[PDB]
Amino acid sequence: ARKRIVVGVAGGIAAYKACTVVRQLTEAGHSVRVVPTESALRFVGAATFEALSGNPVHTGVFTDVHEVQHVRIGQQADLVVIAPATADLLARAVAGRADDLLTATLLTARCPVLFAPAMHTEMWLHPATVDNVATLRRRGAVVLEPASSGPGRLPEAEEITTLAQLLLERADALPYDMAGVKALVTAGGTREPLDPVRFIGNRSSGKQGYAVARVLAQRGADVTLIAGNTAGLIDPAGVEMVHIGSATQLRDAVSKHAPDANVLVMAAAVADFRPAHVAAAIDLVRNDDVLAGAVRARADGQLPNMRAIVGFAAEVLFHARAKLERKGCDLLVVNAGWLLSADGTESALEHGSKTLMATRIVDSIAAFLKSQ
Amino acid sequence: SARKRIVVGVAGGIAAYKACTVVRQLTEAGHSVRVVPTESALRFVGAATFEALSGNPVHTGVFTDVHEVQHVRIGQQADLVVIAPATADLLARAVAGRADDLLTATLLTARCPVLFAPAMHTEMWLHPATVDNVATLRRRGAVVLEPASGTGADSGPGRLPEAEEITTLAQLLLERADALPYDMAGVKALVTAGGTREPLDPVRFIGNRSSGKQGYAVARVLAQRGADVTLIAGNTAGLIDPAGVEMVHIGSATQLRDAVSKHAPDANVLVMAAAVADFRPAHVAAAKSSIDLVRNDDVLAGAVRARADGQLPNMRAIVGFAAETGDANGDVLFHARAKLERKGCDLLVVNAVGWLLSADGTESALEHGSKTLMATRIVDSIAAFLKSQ
Amino acid sequence: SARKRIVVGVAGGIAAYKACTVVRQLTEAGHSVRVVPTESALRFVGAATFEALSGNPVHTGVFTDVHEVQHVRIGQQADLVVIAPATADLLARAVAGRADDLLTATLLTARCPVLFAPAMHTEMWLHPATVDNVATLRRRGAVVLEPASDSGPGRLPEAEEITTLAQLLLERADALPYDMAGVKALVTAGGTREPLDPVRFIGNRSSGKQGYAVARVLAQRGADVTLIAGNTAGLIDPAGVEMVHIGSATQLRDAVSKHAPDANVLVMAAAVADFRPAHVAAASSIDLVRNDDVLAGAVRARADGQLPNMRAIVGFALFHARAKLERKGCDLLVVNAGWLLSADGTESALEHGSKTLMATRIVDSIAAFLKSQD
Ligand SMILES: Cc1cc2nc3c(=O)[nH]c(=O)nc-3n(C[C@H](O)[C@H](O)[C@H](O)COP(=O)(O)O)c2cc1C
Ligand SMILES: Cc1cc2nc3c(=O)[nH]c(=O)nc-3n(C[C@H](O)[C@H](O)[C@H](O)COP(=O)(O)O)c2cc1C
Ligand SMILES: Cc1cc2nc3c(=O)[nH]c(=O)nc-3n(C[C@H](O)[C@H](O)[C@H](O)COP(=O)(O)O)c2cc1C
Ligand SMILES: Nc1ccn([C@@H]2O[C@H](COP(=O)(O)OP(=O)(O)OP(=O)(O)O)[C@@H](O)[C@H]2O)c(=O)n1
Ligand SMILES: Nc1ccn([C@@H]2O[C@H](COP(=O)(O)OP(=O)(O)OP(=O)(O)O)[C@@H](O)[C@H]2O)c(=O)n1
Ligand SMILES: Nc1ccn([C@@H]2O[C@H](COP(=O)(O)OP(=O)(O)OP(=O)(O)O)[C@@H](O)[C@H]2O)c(=O)n1
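Protein chains in written order, with the working numbering: chain A, 7 to 378; chain B, 619 to 1007; chain C, 29 to 402.
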């Protein structure tokens, strides 16, 4: 259960944010060794990383040579996380440099490698960085899309920790395969009002919707995410946020952005009905099916971009295979998980995290779009 | 003059003390050696060791003795640059084109053959960045030796080849700059080498005086040019296993043919350079004044006939070896072409106890030189033939 | 465990990069090795090198790790201390009883065997201060390897030699007394090659190791050794041993003839072939002839007073064994399939171990026989 993680820290202003990544990985029961660059010590000192990780902090290969630390750290690692990954670090990782303990450890690691780049937009968008990021991606490393006045800010420490424990559970979880895919996602419970202060709502976290949006984003999809009431979820890096209120405001937001979308995933738990009298200081009216309405602009001919629609269902193997054909979605998800597509294929989602399940969902979407 | 100027670059690997004997052997062979270590190499082996072994000063940066314009004169005057060990860091700097210490600045300056001898932990060696860099150095004209694998649990490639292997591959490039193109990639080659031992008893036996140097040389040259080489060796003159070849040790000629028949199906090229014993001893006792002899099987003929009977499909080139002393009944090329059509070989190496003859009709006079230089002429023709077939 | 603890000390000679191969070899043999360099050795080989090979920390003075009592525990837990190279300066400090760095402090506290492998320029080695210091260390119970051979003596012996002798002292502490000073010895080793024609021949699977061992142990105990070698398993010349190679068994007979006069000990350890082929073809069924018993030829000349100086002859290869010695005429006989029979009837069972170990027993028996007539 307790995995061995290396946390590489390169020399960026965001280095103090790695402290939080180390503390959380440690709180989750994991064994963390911090390997900073020399230039990271100009930002956070070895003492801080030594107290948070509980293990010694060294920057070069020529210390504790008797314990062969330049190979053993990488050979025994279950994951390598670099946060922040500077342009310089990425440039060295691509070149295959091994001139400090962090880059030598990268060459030795035969485990998943997660870069969380952080830098100024101009650096991130410079053609050397762009090619370097592409090369690391095609070599099998995960390079998180940074957050956004432009792109380049380090993703929040929770997003990095979550994606780290994801790769610990499933090494192939985040291939850079959904490039060029545009995706509108919905998540969170909607709030149907009856008062400028009071309302009716439900208990959905939004986590699985957010999880699916995050996994799409970190696999290359240009994601747009319309959220309602969430369990205080913070926005995923690189996804465009559109916050909404009512189950009606959800519909308008969908039909505002859905034409540009290539893929749409209804994870929102929209409430069935809706009140009709809103006193400014029990008259319900049943709300429209936003998912089912999408399949119809589908047919009526104004979604010549849409190539996949996925639905979420609440708990029976065969009892649900009817719902996908009836609802007209390209595939449907349900957990008491099981995934069912419109080609008859069905698979049971082995138990896991909302993000781990989100990867199975995003896998089944990629396969569907291949079959076209 | 036969005295060449060698630059020995030493990068920061555990193997740096092995570079010491490399410089000792090259100076003992009359060459003039300048050692250019990286700064990290100095934490493994001291400058004083290299100054005493080479007799020349040892510096790591370009800003020393800039009056003697050493950052260019050191490269401009070298006949060979050898890097041993070449670390993953150093290969990466050479590929990027860095010139930030004296060694890498010498690499941009040198116009002579350039020999890297990598040494690393296997995981560094198989890392995609390392393998891309090795490919780029090779496409750019450098020779990058395939490392050794010397075990049980911590085996795998990445070990520095033995100094003798490095020094004799260094001398090869001093003699022939184009000796080691990476051209045999994708071919599997089976090589026999050495003499055989035909037992009279457990203790005594009949044998010949074969050193094995010929076959080992072609195995080595094949390995260092890309081939996945297997080497069936009998008795040799204490020859170290070449870097990157699978080794199989046999005692007798019967034991050789069983070993050849065991590995020939996976092979693309077979090199019969082993001096195989013509006749055996009739009775093998168990302890100890006229001993009878029985003829052994012609394993080389055994392979061509099995090939013509469809039992060796992926076999594409069978090269035999022949010893020669003078020509009277015809010329040497006349009798060799007859020996080549009769045995069914694709290539015949006639040893002047050089001549290279080919089933395509090619013939070539091998000039005198080192056994390893002759192996490159041989491997050239094995390549030339495979292009034809 | 068979895992013994070895201290390899390294002093500041050009030969320090050769100690790296000693450390690796002792480590491949399963032992735990702690390298203790002098400060001036770090000018030649870095601490980082010795750390990667030894797998153990590398320190140079006594004040590091004072908590885990290293100034003393490094010596009093060692099973062997080998110094390679041992410079003149190190030998002088060891004789003085200096302890001003970790290596010298370790030497004063060790109670196991101590093996010095000196290496230096010949003028340093033959300077009277060094000569005296080498004699004091030998007198005091240390083993000081005679170094190898500009062309003079003082080269570090090969690593394989040092590790061989290191593992020998791990098996027998008293194995290399400096007892055979002045003795002229001549040894034969290896198999022999009787040619049929210029390229073919008939050989035997003799390694030469057992004969090389006896020549090595003799030279490192004080003797001047001439080794006549046949076909060996690619063996390296022992340091301090005039080498003479031979081919056929008559070429050996010819070689023992030239050199046996000057000698005081003959160790007929070669596996000489008894039969030679009928004729050399210079290019069926092979008839053969017989070769001279070299050992029996050797006892005859001694018996006819042709070898005045030779005081001991040893043969090789105890039901009929005691009779074999009396029939051979040899002074001692080594029987392997060990047992060592003497020319005064006393026999001893050489408990089988390393070849070099039983070589020290063979030299033991030679030593007692030479002191018999002294
Ligand atoms: C205050 C400050 C903040 C920096 N932030 C970043 C950054 O966020 N990303 C980046 O690539 N470089 C950043 N740099 C530049 C790096 O310090 C520089 O590239 C350095 O060599 C670190 O690389 P390394 O940690 O991989 O060795 C910053 C520099 C300074 C002075
Ligand atoms: C004990 C030890 C052994 C090492 N061995 C190697 C090696 O064999 N190959 C390698 O590429 N790197 C090795 N390294 C990593 C290098 O020391 C490091 O990459 C160094 O910066 C290489 O730089 P250079 O280009 O100056 O050699 C080793 C490091 C240590 C501590
Ligand atoms: C390149 C060089 C090689 C040397 N080699 C030896 C040597 O092999 N033996 C020796 O006794 N002194 C040698 N010396 C001289 C010194 O005595 C030696 O390096 C050092 O001072 C001895 O100190 P130590 O006790 O640490 O060995 C050498 C000096 C140099 C500069
Ligand atoms: N007002 C609503 C309510 C539900 N949804 C969508 O409908 C699906 C689930 O509704 P349904 O087809 O009725 O199946 P259930 O799981 O039973 O519905 P519920 O959410 O109430 O559990 C989800 O994909 C959700 O996006 C919708 O379109 N608009
Ligand atoms: N029993 C044997 C003996 C020889 N060979 C192969 O055949 C070649 C030489 O056979 P041979 O006809 O005896 O060669 P010659 O032309 O007579 O020259 P020489 O024997 O002196 O080498 C060598 O390549 C050897 O590898 C073989 O396969 N089987
Ligand atoms: N031609 C020979 C053969 C034997 N020896 C010596 O004799 C010893 C071996 O004894 P040996 O009598 O040859 O052993 P056996 O196998 O019994 O041989 P033999 O028929 O002679 O008894 C060795 O020291 C060896 O060097 C010798 O001097 N010359």
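We put the beta carbon where it would ideally sit given N, CA and C, even for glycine.
Spatial neighbours of residue 81 of chain A in its own chain (CB-CB distance under 7 Å, excluding positions within 5 residues in sequence) are listed in chain order as 114. Counting along the chain, residue 935 of chain B sits inside the beta strand (DSSP E) bounded by residues 935-942. Those residues that bring their Cβ nearer than 6 Å to a heavy atom of ligand 3 are B/666, B/670, C/39, C/40, C/41, C/42, C/43, C/66, C/68, C/69, C/113, C/115, C/116, C/117, C/118, C/147, C/148, C/152. At a Cβ-Cβ threshold of 8 Å, residue 697 of chain B and residue 623 of chain B count as neighbours. DSSP places residue 161 of chain C outside any beta strand (DSSP E); the residue lies instead in the alpha helix (DSSP H), whose first and last residues are 156-167. Three or more Cβ pairs drawn from the region 965-981 of chain B and the region 992-1002 of chain B lie within less than 8 Å of each other, which places the two stretches in contact. Sequence-distant partners of residue 634 of chain B (beyond 5 residues in either direction) whose C-beta falls short of 6 Å from its own C-beta, in its chain, are 628, 659, 662, 663. In this structure, residue 187 of chain A sits away from residue 248 of chain A, with a CB-CB distance that is not shorter than 8 Å. In this structure, residue 342 of chain C sits away from residue 317 of chain C, with a CB-CB distance that is not shorter than 8 Å. With contact defined as three or more Cβ pairs closer than 8 Å, the region 804-819 of chain B and the region 854-871 of chain B are in contact.
Contacts with chain B at 8 Å (Cβ-Cβ) include residue 114 of chain A. Taking 8 Å as the cut-off between beta carbons, the residues of the region 690-709 of chain B near chain A are 705, 706, 707, 709, in sequence order. Every beta strand (DSSP E) stretch that sits fully inside the region 231-298 of chain C and reaches 3 residues is listed by chain position as 252-257, 269-273, 293-296. In the three-state reduction of the DSSP assignment, residue 197 of chain A falls in the strand class.
When rounded, the separation of the alpha-carbon atoms in residue 379 of chain C and residue 725 of chain B is 59 Å. Residues of the region 121-155 of chain A whose Cβ lies closer than 8 Å to any Cβ of chain B, in chain order: 145, 146. Those residues having their beta-carbon less than 7 Å away from any non-hydrogen atom of ligand 4 are, in chain order, A/192, A/253, A/272, A/273, A/274, A/275, A/276, A/277, A/278, A/293, A/294, A/295, A/296, A/297, A/298, A/317, A/318, A/319, A/320, A/329, A/333. Of the residues assessed, residue 154 of chain C falls on the exposed side of the cut-off, its CB having fewer than 16 other CB atoms within 10 angstroms.
Residue 35 of chain C is not a Cβ neighbour of residue 51 of chain C, given a cutoff of 8 Å. Between the C-alpha atoms of residue 109 of chain C and residue 63 of chain A there is a straight-line separation of about 35 Å. With 16 or more other CB atoms across the displayed protein chains lying within 10 angstroms of its CB, residue 732 of chain B is buried. Separation of residue 79 of chain A and residue 123 of chain A (C-alpha to C-alpha, rounded to the nearest whole angstrom) is 22 Å.
In this structure, residue 158 of chain A places its C-beta atom within 8 Å of the C-beta atom of residue 127 of chain A.
Taking non-hydrogen atoms of ligand 2 into account, the C-beta of residue 76 of chain A is found less than 7 Å away from one of them. At a cut-off of 8 Å between beta-carbon atoms, residue 102 of chain A makes contact with chain B. When the beta-carbon positions are compared, residue 225 of chain A and residue 272 of chain A stay at least 8 Å from each other. Apart from the 5 residues on each side of it in sequence, residue 383 of chain C sits with its Cβ closer than 6 Å to the Cβ of 237, 238, 241 in its chain, given in chain order. Contact between the region 202-211 of chain A and the region 159-172 of chain A is not established, with fewer than three Cβ pairs separated by less than 8 Å.
Secondary structure of residue 318 of chain C (DSSP, three-state): strand. Contact of residue 50 of chain C with chain B is not assigned, every C-beta pair being separated by 8 Å or more. Here residue 356 of chain A carries a coil assignment [DSSP, helix/strand/coil]. Apart from sequence neighbours up to five positions away, the residues of its chain that approach residue 194 of chain C with a beta-carbon distance below 8 Å are 34, 50, 54, 108, 110, 143, ordered along the chain. Excluding its 5 nearest sequence neighbours in each direction, residue 303 of chain C has C-beta neighbours in its own chain below 7 Å: 316, 317, 318, 319, listed in chain order. Within chain C, 79, 80, 82, 83, 84, 85, 86 have C-beta atoms less than 8 Å from the C-beta of residue 72 of chain A, given in sequence order. Taking C-beta atoms as the reference points, residue 227 of chain A and residue 189 of chain A count as a pair closer than 8 Å.
Residues of chain B with a Cβ closer than 7 Å to the Cβ of residue 105 of chain A are, in chain order, 707.
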